[PDB]
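Chains as they are written, first to last, in PDB author numbering: chain B, 16 to 268; chain A, 21 to 266.
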């Protein structure tokens with residue numbers, strides 16, 4: 016999972032560099048894939064990483080420890096009711112968090128509380144609705160859509176990326192800017208073909224096979240055909256596209 | 021504007037370059053190409069004399085002096101082989117059932133070491149917020165109708181393999197995305213309101229005749245498309261730009 020994070024490093028996180036001595040809050044560190052990258056790009060920042068899962072935090076700590084990181088503090092917490100004092104952070108970093116929520120706006124308003132006036136929030140989310148490829152295998156398309164359907168069933172929204180601007184806008188932030196960060200692949204980019212299609216996309220779809228089979232939204236046969244068709248996009252003649260959205264907002268004072 | 025700059029800002033050839041614009045149509049891109057390259061010798065072709073007449077009026081209206089409009093067929097060009105320094109293709113492959121062969125044909129009149137530039141949209145890259153089910157259905161009618169007419173509105177994503185199969189070298193393809201939110205009123209109006217919606221409405225008659233959608237559904241879909249251009253709405257469409265060298 017961490018290797019997949021580095022595959023998109025230059026594209027998504029390279030420009031996320033805060034000034035020296037900045038107190039930053041990572042809204043959802045999970046297993047620490049983003050924690051390691053954020054910390055390495057910001058050795059002079061004081062990072063506080065939170066997650067609702069105790070298990071995950073333990074793994075995140077293991078990850079930062081193995082990577083020699085010394086500027087990160089871990090804490091279990093509910094994003095909707097932070098234990099932190101108001102206006103106690105210089106910046107907030109949100110990456111792949113809103114996709115798992117039902118009330119994203121509320122989470123952003125909650126985070127805004129612990130951010131100081133003049134501080135910024137950075138949001139990075141994917142948008143599964145931006146995924147298209149060639150050849151356009153219909154089974155491959157059906158398999159992919161299972162990921163969207165399962166996430167929705169689990170009360171999340173894999174299509175959140177496209178609405179980060181209005182989410183930030185309704186959250187009360189100012190000087191908002193959102194821009195897409197696209198992953199475009201063809202056979203002349205073997206590193207992305209293997210790193211993104213074969214080691215990120217396909218494994219991610221496979222991750223919901225049994226759940227999809229149980230929800231009975233697809234058959235074991237077409238599912239297998241769908242995986243085979245996805246593989247074709249990583250071969251001669253194939254192309255693949257996926258877009259992420261990155262937004263910035265500033266707390267008004 | 022931003023679309024003009026997004027797609028054409030980097031297409032600037034050396035002074036005096038002999039450039040062939042494959043299918044100029046009504047001259048919409050001809051004007052941009054000519055203004056960006058005042059010293060180029062532009063030859064703009066199209067299969068239709070009527071389109072060429074409208075293109076001429078367009079360039080004259082803009083005081084352009086370096087464009088010659090010629091009636092020609094991509095599959096049987098009149099030009100000597102290896103006579104152009106560069107070839108420019110924009111929104112042409114989407115209407116061809118055999119784009120690969122069209123590129124091979126064009127390669128013939130291109131000089132060794134010359135380049136071809138291709139720009140095509142990809143209707144399959146289009147998504148928006150709110151995600152109206154009817155808006156999506158109406159948008160898919162555009163894709164379905166063009167496919168029935170033996171074109172391919174999803175050709176953009178294929179520029180790389182098309183250029184590769186046609187024998188070009190030093191190939192490069194990059195996306196040129198149109199991302200819109202309420203903080204970009206110029207794109208909301210110019211792209212969503214004046215480009216997207218009119219294009220969809222352009223296939224209403226054929227869609228109803230093909231019975232792929234009902235009048236009721238259609239009217240509601242147009243209404244939902246308008247929601248993407250209102251407060252809280254966002255819109256995304258991607259174009260693909262490729263370059264190849266003979």
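Heads up, the beta-carbon is just placed ideally off N, CA and C, and yes, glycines get one too.
First through last residue of the beta strand (DSSP E) which encompasses residue i
i	result
residue 110 of chain A	104 to 110
residue 191 of chain A	189 to 200
residue 28 of chain B	Looking at the DSSP string, residue 28 of chain B is not in any beta strand (DSSP E), and its letter there is neither H nor E.
residue 261 of chain B	254 to 265
residue 149 of chain B	147 to 149
residue 173 of chain B	Neither: residue 173 of chain B is in no beta strand (DSSP E) and is coded neither H nor E.
residue 65 of chain A	61 to 66
Alpha helix (DSSP H) segment containing residue i, residue limits
i	result
residue 132 of chain A	Here residue 132 of chain A belongs to no alpha helix (DSSP H); instead the beta strand (DSSP E) covers 130 to 141.
residue 52 of chain A	48 to 56
residue 328 of chain B	Lying outside 16 to 268, the shown extent of chain B, residue 328 of chain B is not represented and no answer is given.
residue 165 of chain B	153 to 168
residue 90 of chain B	Careful: residue 90 of chain B lies outside any alpha helix (DSSP H), inside the beta strand (DSSP E) at 87 to 91.
residue 79 of chain A	69 to 81
residue 17 of chain B	17 to 22
residue 38 of chain A	Run containing residue 38 of chain A: none in the alpha helix (DSSP H); it sits in the beta strand (DSSP E), 38 to 41.
Nearest to residue i (by Cα), restricted to the options the options
i	options	result
residue 99 of chain B	B:113, B:264, B:120, B:128	B:128
residue 43 of chain B	B:103, B:57, B:137, B:82	B:137
residue 57 of chain A	A:68, A:66, A:72, A:41	A:41
residue 263 of chain A	A:217, A:86, A:197, A:180	A:180
residue 259 of chain A	A:140, A:117, A:118	A:140
residue 39 of chain A	A:63, A:151, A:172, A:234	A:63
residue 188 of chain A	A:265, A:218, A:51, A:101	A:265
residue 67 of chain A	A:45, A:86, A:50, A:75	A:45
residue 143 of chain B	B:59, B:133, B:171, B:134	B:171
residue 168 of chain B	B:115, B:126, B:135	B:115
residue 190 of chain A	A:61, A:126, A:135	A:135
residue 186 of chain B	B:120, B:220, B:101	B:120
residue 126 of chain B	B:183, B:73, B:87	B:183
residue 34 of chain B	B:21, B:60, B:22, B:19	B:60
Residue i versus residue j - alpha carbon distance
i	j	result
residue 122 of chain A	residue 95 of chain A	6 Å
residue 103 of chain A	residue 131 of chain A	6 Å
residue 207 of chain A	residue 247 of chain A	14 Å
residue 195 of chain B	residue 203 of chain A	15 Å
residue 71 of chain A	residue 251 of chain A	38 Å
residue 124 of chain B	residue 199 of chain A	25 Å
residue 97 of chain B	residue 230 of chain B	35 Å
residue 36 of chain B	residue 83 of chain A	58 Å
residue 205 of chain A	residue 213 of chain A	10 Å
residue 177 of chain A	residue 81 of chain A	35 Å
residue 161 of chain A	residue 105 of chain A	39 Å
residue 50 of chain A	residue 166 of chain A	24 Å
residue 192 of chain B	residue 174 of chain B	19 Å
residue 47 of chain B	residue 218 of chain B	19 Å
residue 79 of chain B	residue 228 of chain B	36 Å
residue 235 of chain B	residue 216 of chain B	19 Å
residue 232 of chain A	residue 245 of chain A	18 Å
residue 54 of chain A	residue 75 of chain A	12 Å
residue 249 of chain B	residue 267 of chain B	46 Å
residue 18 of chain B	residue 77 of chain B	15 Å
residue 73 of chain B	residue 87 of chain B	13 Å
residue 85 of chain B	residue 52 of chain B	13 Å
Status (buried if at least 16 other CB within 10 Å, exposed otherwise) for residue i
i	result
residue 210 of chain B	buried
residue 69 of chain A	exposed
residue 197 of chain A	buried
residue 16 of chain B	exposed
residue 261 of chain A	buried
residue 118 of chain A	exposed
residue 164 of chain A	buried
residue 152 of chain A	buried
residue 201 of chain B	buried
residue 32 of chain B	exposed
residue 133 of chain A	exposed
Below-8 Å beta-carbon distance, residue i vs any chain C residue
i	result
residue 138 of chain B	Protein chains B and A are contained in the structure displayed, whereas chain C is not.
Query raised in the report: Three or more C-beta pairs closer than 8 Å, one from the region 254 to 264 of chain B and one from the region 23 to 40 of chain A: is that the case here?
Result: no
Query - Sufficient close CB pairs (3 or more, under 8 Å) joining the region 231 to 247 of chain B to the region 133 to 147 of chain B - result: no
Query raised in the report: Would you call the region 110 to 125 of chain A and the region 219 to 226 of chain A touching, i.e. three or more CB-CB distances under 8 Å?
Result: no
Query raised in the report: Do the region 86 to 93 of chain B and the region 151 to 162 of chain B make contact, defined as three or more Cβ pairs closer than 8 Å?
Result: Result no; under three Cβ-Cβ pairs closer than 8 Å.
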